[PDB]
Amino acid sequence: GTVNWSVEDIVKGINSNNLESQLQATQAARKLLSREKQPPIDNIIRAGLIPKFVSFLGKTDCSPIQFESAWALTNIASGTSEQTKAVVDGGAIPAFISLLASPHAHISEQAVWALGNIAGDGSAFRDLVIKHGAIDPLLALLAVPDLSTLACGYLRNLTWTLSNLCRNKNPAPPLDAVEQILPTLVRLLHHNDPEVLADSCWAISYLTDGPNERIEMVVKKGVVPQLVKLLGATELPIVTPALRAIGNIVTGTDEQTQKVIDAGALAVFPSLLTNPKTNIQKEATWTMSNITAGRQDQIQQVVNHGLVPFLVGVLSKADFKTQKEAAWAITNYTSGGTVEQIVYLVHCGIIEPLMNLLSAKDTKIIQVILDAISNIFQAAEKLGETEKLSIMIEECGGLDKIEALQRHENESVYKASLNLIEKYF
Amino acid sequence: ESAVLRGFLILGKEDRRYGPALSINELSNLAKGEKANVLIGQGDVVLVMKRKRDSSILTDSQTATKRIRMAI
């Protein structure tokens with residue numbers, strides 16, 4: 001009955017002086033916008049229908065047309081920034097916030113969804129949704145003693161929308177908004193549904209992506225041990241944001257980094273550093289590089305958890321961008337480590353894979369590796385064992401590599417390589 | 001000086017794109033992911049970057065910003 005209408009017929013029905021005709025036409029629009037790819041969003045906008053749909057959101061005495069218009073507007077708002085803007089420009093934000101109070105759960109749910117699409121567009125619309133007062137009624141929908149009593153899809157949609165209110169960092173969400181949302185996020189992080197867990201973790205990954213002051217707000221909520229638990233989940237959609245959040249936290253102070261270590265994060269890294277998902281390996285190695293930029297006692301925890309052989313492994317064989325993260329881990333380790341820690345690193349076999357990467361066509365990893373080599377030689381000087389190290393480097397073809405770099409285009413590279421050769425070879 | 005500079009990777013000679021040279025004390029307050037020129041003991045200016053490095057923000061692994069509700 002409402003299947004496969006033309007836009008022209010939809011317009012005719014919506015302009016009729018008959019609320020039932022308007023309802024049927026709005027349902028026809030919903031079906032057009034939901035039964036295909038790609039739905040004719042631009043034709044619907046061009047037809048001038050958004051203001052009508054927004055007016056229907058307020059028809060409390062006709063809940064079916066509230067639902068149909070909410071769904072239609074959700075899908076329009078799911079599109080490009082221009083398409084989402086058309087929805088906002090029609091006055092949809094306060095109309096959707098009012099609809100959060102609907103006694104019909106399927107209607108409140110659709111308003112949640114629509115607000116998530118609007119906030120998802122970017123920081124400006126995110127902050128506009130917050131200014132119109134969305135957070136209080138959204139959080140009130142979750143104010144039940146046991147989240148498990150809520151319909152699963154309903155709870156998933158609420159979690160997703162809250163995560164979009166936490167998303168984007170130019171600028172970051174208002175401090176007061178984050179403070180209001182965080183206690184609910186903490187609760188969702190303990191809810192046993194894989195999508196709720198994934199999207200809660202995403203929210204935390206956004207909130208920790210910024211200055212150390214933003215990291216501190218999250219760490220103070222006590223969530224790091226739960227993040228570490230989720231880091232060991234079997235589902236990749238949970239591990240991915242949990243690892244991003246953990247990685248973000250260790251970009252922070254030595255004290256913030258210590259919370260991650262204290263929570264037992266390092267025990268998960270043998271699996272993360274060998275994960276068959278390339279991006280997991282990359283972010284795990286990035287995370288390790290920021291931990292080895294820490295204190296000597298934090299470097300020692302990396303050693304104690306047996307992670308140095310895993311860094312040797314990644315340096316030996318991984319995607320190049322992951323190898324570059326491993327090289328960063330090694331220059332940071334050798335810059336901050338004790339002589340004993342550095343000796344241990346060489347005994348684990350770091351030299352050959354390190355030297356093999358000096359043929360890379362990447363100036364930064366060359367600078368990083370030459371710095372690492374210089375730091376290792378400085379340790380060797382203190383033990384008076386530089387000749388021992390020179391032989392090791394010569395034997396795996398490393399001296400040929402460094403000798404070539406004397407004619408490298410970049411000044412820092414050929415100066416650094418000239419220096420090593422002049423001093424140790 | 002040594003203790004401060006341990007937190008940084010020296011990238012090379014002074015690079016004016018990154019502004020006037022900082023003192024070592026000013027450098028110690030540099031934020032993660034940042035670069036700066038620094039005057040080191042004694043007399044030389046070098047370009048450095050902090051060893052704590054910020055997110056790659058891998059768009060490939062990000063989830064969708066928006067969701068369409070399709071017919072079931």
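Quick note on labels: first sequence line is chain A, next is B, and so on, each numbered from 1. The figures that follow rest on heavy atoms only: side chains count, while hydrogens, waters and symmetry mates do not.
- Of all the heavy atoms in A:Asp193 and A:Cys152, the pair that sits closest is OD1-SG, 3.3 Å.
- A side chain to side chain contact (heavy atoms under 4.5 Å, CB included) with A:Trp286 is found for exactly one of A:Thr251, A:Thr322, A:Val250, namely A:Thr251.
- The residues A:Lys259 and A:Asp254 are annotated as not salt-bridged, no charged nitrogen and carboxylate oxygen being separated by less than 4.0 angstrom.
- For the pair B:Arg17 and B:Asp15, the salt-bridge criterion is met [side-chain N within less than 4.0 Å of a carboxylate O].
- Summarising the geometry of A:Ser412 relative to B:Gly12, their closest heavy-atom pair is CB-CA, 4.1 Å, with the distance given to 0.1 Å.
- Nearest approach of A:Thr161 to A:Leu115, heavy atoms of both residues: CG2-C, 4.2 Å.
- If you run salt bridge (charged side-chain N to carboxylate O under 4.0 Å, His left out) between A:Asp209 and each of A:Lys169, A:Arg214, A:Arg167, only A:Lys169 comes through.
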In sequence, state the C-alpha distance, the side-chain angles, and the governing distance for A:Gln180 and A:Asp136, and then conclude on side-chain hydrogen bond (donor to acceptor under 3.5 Å, both in side chains).
CA-CA 9 Å; A:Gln180 192 171 4; A:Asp136 282 337; 2.3 Å; yes

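- Within a 6.0 Å radius of CG in A:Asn192, no more than 12 heavy atoms belonging to other residues, nucleotides or ligands are found.
- Electrostatic pairing of A:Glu68 and A:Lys59 does not count as a salt bridge here, judged by no charged N lying under 4.0 Å from a carboxylate O.
- The closest donor-acceptor contact from the side chain of A:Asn290 to the backbone of B:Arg53 lies under 3.5 Å.
- For the residue pair A:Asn157/B:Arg67, the side-chain donor-acceptor check at 3.5 Å is satisfied.
- Remark: B:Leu27 CG to B:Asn37 CG distance equals 10.0 Å, nearest 0.5 Å.
- For A:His190, there are no ring-ring contact (aromatic ring centres under 6.0 Å, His included) partners two or more places apart in sequence or in a different chain.
- Here A:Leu150 contributes atom CG and A:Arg156 contributes atom CZ; the two are 13.0 Å apart, rounded to the nearest 0.5 Å.
- Here A:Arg244 pairs with A:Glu283 in a salt bridge; the nearest charged N to carboxylate O distance falls below 4.0 Å.
- Atom CD of A:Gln27 and atom CZ of A:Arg30 lie 4.5 Å apart (nearest 0.5 Å).
- Separation of atoms CG (A:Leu23) and OG (A:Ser63) is listed at 9.5 Å; rounding is to 0.5 Å.
- The two residues A:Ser69 and A:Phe56 come nearest to each other via the heavy atoms OG-CB, 3.6 Å.
- Scanning for ring-ring contact (aromatic ring centres under 6.0 Å, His included) contacts around A:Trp71 gives A:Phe67, with sequence neighbours left out.
- Considering every non-hydrogen atom in both A:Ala327 and A:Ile365, the closest pair reads CB-CG1, 3.7 Å.
- Note: A:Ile50 CD1 to A:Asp89 CG = 8.5 Å, rounded to the nearest 0.5 Å.
- For the side chain to side chain contact (heavy atoms under 4.5 Å, CB included) test with A:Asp199, the passing option among A:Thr159, A:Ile204, A:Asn164 is A:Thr159; the others fail.
- Atoms CD and CG, from A:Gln323 and A:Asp319 in turn, are 7.5 Å apart once rounded to the nearest 0.5 Å.
- Using modelled atom types and a 3.5 Å distance limit, the side chains of A:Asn248 and A:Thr208 yield a donor-acceptor pair.
- A side-chain donor-acceptor contact under 3.5 Å links A:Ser55 to the backbone of A:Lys52.
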